[PDB]
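Structure record follows, encoded as structure tokens.
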Amino acid sequence: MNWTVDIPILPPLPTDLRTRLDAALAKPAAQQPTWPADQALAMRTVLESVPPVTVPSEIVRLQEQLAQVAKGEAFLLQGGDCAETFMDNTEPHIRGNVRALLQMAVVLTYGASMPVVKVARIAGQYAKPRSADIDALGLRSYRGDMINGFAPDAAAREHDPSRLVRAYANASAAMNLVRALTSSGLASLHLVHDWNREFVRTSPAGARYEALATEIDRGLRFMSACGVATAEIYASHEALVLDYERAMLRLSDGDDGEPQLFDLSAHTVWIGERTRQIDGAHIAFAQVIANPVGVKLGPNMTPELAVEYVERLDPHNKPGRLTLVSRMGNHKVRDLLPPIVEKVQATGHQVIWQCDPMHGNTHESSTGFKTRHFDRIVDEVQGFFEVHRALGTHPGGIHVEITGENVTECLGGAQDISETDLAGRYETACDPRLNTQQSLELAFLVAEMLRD
Amino acid sequence: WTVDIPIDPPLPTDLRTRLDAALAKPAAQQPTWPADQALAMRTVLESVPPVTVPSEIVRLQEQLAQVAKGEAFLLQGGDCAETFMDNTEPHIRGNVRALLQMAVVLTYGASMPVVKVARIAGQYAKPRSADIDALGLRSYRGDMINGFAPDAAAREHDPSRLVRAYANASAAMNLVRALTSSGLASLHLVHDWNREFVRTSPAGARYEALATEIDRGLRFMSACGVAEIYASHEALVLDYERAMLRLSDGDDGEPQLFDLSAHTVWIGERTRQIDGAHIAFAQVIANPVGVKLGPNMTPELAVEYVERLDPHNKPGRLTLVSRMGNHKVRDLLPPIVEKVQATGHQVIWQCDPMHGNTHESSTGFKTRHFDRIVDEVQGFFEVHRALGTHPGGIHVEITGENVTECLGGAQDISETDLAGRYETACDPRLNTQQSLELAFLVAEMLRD
Ligand SMILES: N[C@@H](Cc1ccc(O)cc1)C(=O)O
Ligand SMILES: N[C@@H](Cc1ccccc1)C(=O)O
Ligand SMILES: N[C@@H](Cc1ccccc1)C(=O)O
Ligand SMILES: [Cl-]
Ligand SMILES: [Cl-]
Ligand SMILES: [Cl-]
Ligand SMILES: [Mn+2]
Ligand SMILES: [Mn+2]
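So, in structure tokens, the structure goes:
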């Protein structure tokens with residue numbers, strides 16, 4: 001049961022982009038998939054002619070909005086599934102993740118009293134890194150459906166290069182739908198916030214959030230009363251699989267009218283903690299592409315390394331071109347983040363300081379499932395805000411993993427999801443996502459932090 | 003040469024009973040693949056993100072209702088036969104562009120809004136009059152069914168092309184959306200290409216006036232202080255259109271069935287049996303639908319389409335597409351217009367000046383004579399002016415490439431030129447210049 005694509009039988018790069026790109030891919034790359042270099046090459050030839058998932062004008066537009074975030078004048082909300090599955094690439098799932106992001110954005114916008122840039126982990130998040138190459142059941146590790154199968158069989162965990170095309174096909178389908186949803190009635194702010202006032206009515210913790218959901222309702226009605234009457243959701247994934255990102259590269263006149271290389275698998279991509287080798291091919295790939303890029307910074311980050319990233323990835327001091335995504339865990343952020351900020355801020359580069367309160371607070375549960383505690387996530391964002399407020403720098407955004415489904419993958423929250431509940435609805439293919447109820451809860455709380 | 007791509016919430020029972028009964032009618036021109044495999048691929052397509060959403064169809068239904076009511080013009084165009092291997096960024100990009108160029112021109116001459124409908128994101132299947140072609144092979148019936156390659160294997164009907172077709176359709180509709188919401192939207196840009204057309208083109212002097220007159224309205228627009243492209247294909251492979259059915263509510267309040275593989279679909283000359291499955295399928299879906307009408311159309315039968323496909327007198331919901339041939343449109347059409355108008359139904363009279371003017375070229379290729387296309391639209395207008403009806407739109411076959419599939423126009427493509435760039439996998443298309451030329455000419459027909 002399978003379909004079949006023909007292998008073809015694009016214009017040459019200017020010599021410098023040819024060289025820098027070939028130079029960049031020559032360098033070592035962690036966590037890449039093992040599969041025949043000639044099969045991967047067949048895939049990349051398919052992917053080199055397909056209609057792009059994004060287009061350059063949209064990436065330039067995001068670069069401009071992200072510059073406003075960098076400069077303290079807007080706020081970045083990045084969210085979505087931890088790992089996208091070809092299995093769940095369905096309208097109800099996409100719609101509920103779009104809805105979830107749009108809801109959090111209204112709340113965050115009112116809290117920040119400034120615009121929120123919405124970026125979804127969607128339309129390409131089909132690949133993850135693995136600390137160990139053999140998993141709990143002695144099997145080859147699952148690396149995301151761009152690589153192998155979540156199914157726990159020896160045959161499913163084989164790295165299949167055809168999943169490159171299967172990943173693009175799913176990606177541009179989900180993107181088509183995202184485009185359609187965000188230009189439909191789903192985007193209307195008044196519609197989107199009624200979903201939030203529903204949440205307050207039906208939630209156990211409605212009381213904690215009702216005053217604010219009502220303040221927002223009055224802000225929206227205030228708009229209408231003044232004579233006002240859409241949405242932009244950008245695509246992002248971790249750029250982990252260089253074969254994929256290579257194929258999706260397209261050449262176009264850029265911010266300066268000279269030809270640049272845009273990675274059109276998404277609008278923005280981030281290198282993760284296990285792949286940010288400073289002299290590696292990931293970081294060097296990031297130096298050839300025009301896209302906004304981000305870098306995960308965990309607890310072993312030094313102010314001086316952080317600065318080297320800033321000087322390599324933001325060579326031209328383009329505010330908002332580089333995002334630095336902090337994930338230290340709550341007990342470490344207040345101590346570790348300030349020195350990094352002070353030294354980076356001192357260079358004169360305007361980075362976006364994005365908080366990631368998820369990948370620093372995971373812990374195996376007493377049930378066998380890997381989970382995260384709501385109260386620890388809150389604490390790190392809070393701690394992240396405390397540190398930026400102390401320094402006078404901009405808390406530029408968050409980076410959360412969520413679904414529009416009432417899964418039970420994270421503890422606590424309004425539902426006091428306990429360790430014996432994490433088995434009732436553990437849908438995720440990788441890390442524990444906050445269900446929709448905990449998504450909005452956090453958005454409300456982060457909105458409170460944004461206020462004064 | 004190829005690679006295998008692996009694979010791995017029902018509708019209400021009262022709508023399936025209705026639907027299963029409608030689809031029990033006889034369907035022409037259908038694939039001959041095993042129903043169990045078809046059923047597997049359908050179950051796949053039953054769960055994928057839709058190519059369109061109901062709010063866009065309800066929205067199109069609103070815009071088309073104004074075409075019927077006389078206050079807007081329908082521009083429908085694109086490739087004759089989409090192929091998976093030409094479904095590329097440049098090709099999509101130049102068909103979007105060409106279609107935007109024609110719409111600016113037509114909007115000015117019509118002095119009213121122009122709905123833009125592309126043949127794209129699903130136009131992967133054609134009927135065939137003979138199931139053995141001139142190579143003595145099973146005929147090519149579109150990439151949704153089999154392969155353009157001459158050989159027994161390629162020509163076998165492959166139901167996994169249902170999925171490959173949807174994939175190509177999504178990827179292309181995702182790009183059209185990106186394109187229409189970026190710089191390509193901008194009129195002053197789209198028309199600056201129209202003025203490259205006039206600079207380069209040989210007939211430049213024939214169109215320099217109107218091109219300048221428009222550039223001045225655009226500057227006037229700007230001085231005074233001051241895009242949607244819909245998708246459509248012929249609904250042919252019914253395993254596809256029915257797997258792409260989704261349930262939501264529209265202009266009613268009750269939940270309707272939409273076919274979310276496109277925004278509007280039409281039923282071809284060879285599938286419109288009043289009691290066949292295709293007409294019965296259009297009955298059931300909420301999408302705007304069109305029906306092709308050739309020379310052997312009784313004024314009586316046009317009316318039975320109107321009663322069967324516009325049962326609730328919704329203007330624009332039904333379009334009737336003239337495809338008579340220039341030599342026949344002026345005489346064969348008027349009685350059809352009359353008989354339908356007198357029924358109290360508002361429909362879109364749309365002109366297809368191509369699918370009935372295809373003449374074999376002395377050099378082997380099937381082609382079309384520019385002067386005969388232009389002349390059928392012209393005669394199509396002369397009818398409607400004479401009858402006081404609304405010339406509702408054109409349905410046209412174009413590409414953004416400089417192919418040489420049609421005869422005449424600016425470049426004066428001749429019997430021997432057809433071999434230069436005959437790139438269509440089916441009918442011959444007006445190249446970029448001829449699409450624009452025709453656009454200017456139809457603007458003058460619309461002129462006050
Ligand atoms: N896709 C090519 C690079 C490339 C990109 C765009 C081009 O126009 C040309 C070449 C690679 O992976 O090496
Ligand atoms: N059009 C090519 C490549 C493609 C694959 C998947 C989706 C879109 C395009 C094919 O069908 O083989
Ligand atoms: N998600 C399914 C269906 C699908 C096919 C092709 C494109 C998009 C979705 C798959 O991976 O096959
Ligand atoms: Cl662009
Ligand atoms: Cl038949
Ligand atoms: Cl084919
Ligand atoms: Mn994760
Ligand atoms: Mn045709």
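Residue numbers (full-length UniProt numbering), protein chains in the order written: chain Z, 1 to 9, 15 to 234, 240 to 462; chain G, 3 to 10, 16 to 233, 241 to 462. Note that beta-carbon positions come from the ideal geometry of N, C-alpha and C, so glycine has one too.
Asked                                                                                                                             : Found
Chain Z residues whose Cβ lies nearer than 7 angstroms to that of residue 348/G                                                   : Near residue 348/G there are no residues of chain Z at all, since even the closest Cβ is about 41 angstroms away, more than 7 angstroms.
Closest by C-alpha distance to residue 332/Z, when choosing among 344/Z, 253/Z, 305/Z                                             : 305/Z
Cβ-based contacts, 8 angstroms cut-off: residues of the segment 58-80 of chain Z near chain G                                     : 58, 59, 60, 62, 63
Identified DSSP bridge partners for residue 365/G                                                                                 : 336/G, 408/G
Own chain partners of residue 202/Z with C-beta closer than 6 angstroms, once the 5 adjacent residues on each side are dropped    : 218
Top-ranked residue by Cα proximity to residue 73/Z, from 16/Z, 302/Z, 137/Z, 375/Z                                                : 302/Z
Any chain G beta carbon closer than 9 angstroms to residue 458/Z                                                                  : no
Own chain partners of residue 179/Z with C-beta closer than 8 angstroms, once the 5 adjacent residues on each side are dropped    : 89, 94, 99, 127, 128
Chain G within 9 angstroms of residue 238/Z, Cβ atoms only                                                                        : Since the model of chain Z includes 234 and then 240 but nothing between them, residue 238/Z has no atomic positions to report.
Limits of the alpha helix (DSSP H) - the one that residue 293/G falls within                                                      : 291-298
Contact test: residue 172/Z Cβ vs ligand 2 heavy atom, cutoff 8 angstroms                                                         : no
Sufficient close CB pairs (3 or more, under 8 angstroms) joining the segment 102-109 of chain Z to the segment 185-192 of chain Z : yes
Option in 263/Z, 436/Z, 31/Z with minimal Cα separation from residue 379/Z                                                        : 436/Z
Close Cβ partners of residue 276/Z (< 7 angstroms) along its chain, the five nearest in sequence each way excluded                : 58, 59, 128, 129, 245, 246, 247
The segment 82-115 of chain G: positions lying closer than 8 angstroms to chain Z by Cβ                                           : 91, 92, 94, 95, 96, 99
When 284/G, 228/G, 268/G, 86/G are compared against residue 37/G, the one with the closest alpha-carbon                           : 284/G
Residues near residue 460/Z in its chain [Cβ-Cβ closer than 6 angstroms; skip 5 each side]                                        : 116, 117
Contacts that residue 288/Z makes with chain G (C-beta to C-beta distance below 8 angstroms)                                      : Going along chain G, no residue has its Cβ under 8 angstroms from residue 288/Z, so there is no contact; the nearest lies around 34 angstroms.
Buried or exposed by the 16-neighbour rule on C-beta atoms within 10 Å, applied to residue 297/G                                  : exposed
Reference residue 438/G; option with closest CA among 415/G, 328/G, 451/G                                                         : 415/G
Beta strand (DSSP E) segments (min. 3 residues) lying fully within the segment 389-433 of chain Z                                 : 407-409
Contact test: residue 289/Z Cβ vs ligand 6 heavy atom, cutoff 8 angstroms                                                         : no
Short CB-CB distance (under 9 angstroms) between residue 25/Z and chain G                                                         : no
Near-chain G residues of the segment 198-223 of chain Z - C-beta to any C-beta below 9 angstroms                                  : none
Simplified DSSP assignment, three categories, for residue 436/G                                                                   : coil
Residue 451/G beta carbon less than 9 angstroms from that of residue 433/G                                                        : no
Residue burial classification, residue 329/G (beta-carbon count within 10 angstroms, cutoff 16)                                   : buried
Any non-hydrogen atom of ligand 4 within 8 angstroms of residue 190/G CB                                                          : yes
Residue 55/Z versus residue 177/G: straight-line alpha-carbon distance, rounded                                                   : 11 angstroms
In chain order, each beta strand (DSSP E) run of at least 3 residues that lies wholly inside the segment 57-112 of chain Z        : 80-85
Secondary structure of residue 327/G, DSSP reduced to three states                                                                : coil
Where residue 214/G sits in the DSSP three-state scheme                                                                           : helix
Host alpha helix (DSSP H) of residue 206/Z (start-end)                                                                            : 194-207
Cutoff 9 angstroms: residue 171/Z Cβ touching any chain G Cβ                                                                      : yes
Extent of the continuous alpha helix (DSSP H) to which residue 446/Z belongs                                                      : 446-460
Local Cβ density within 10 Å of residue 325/Z, reported as buried at 16 or more and exposed below that                            : exposed
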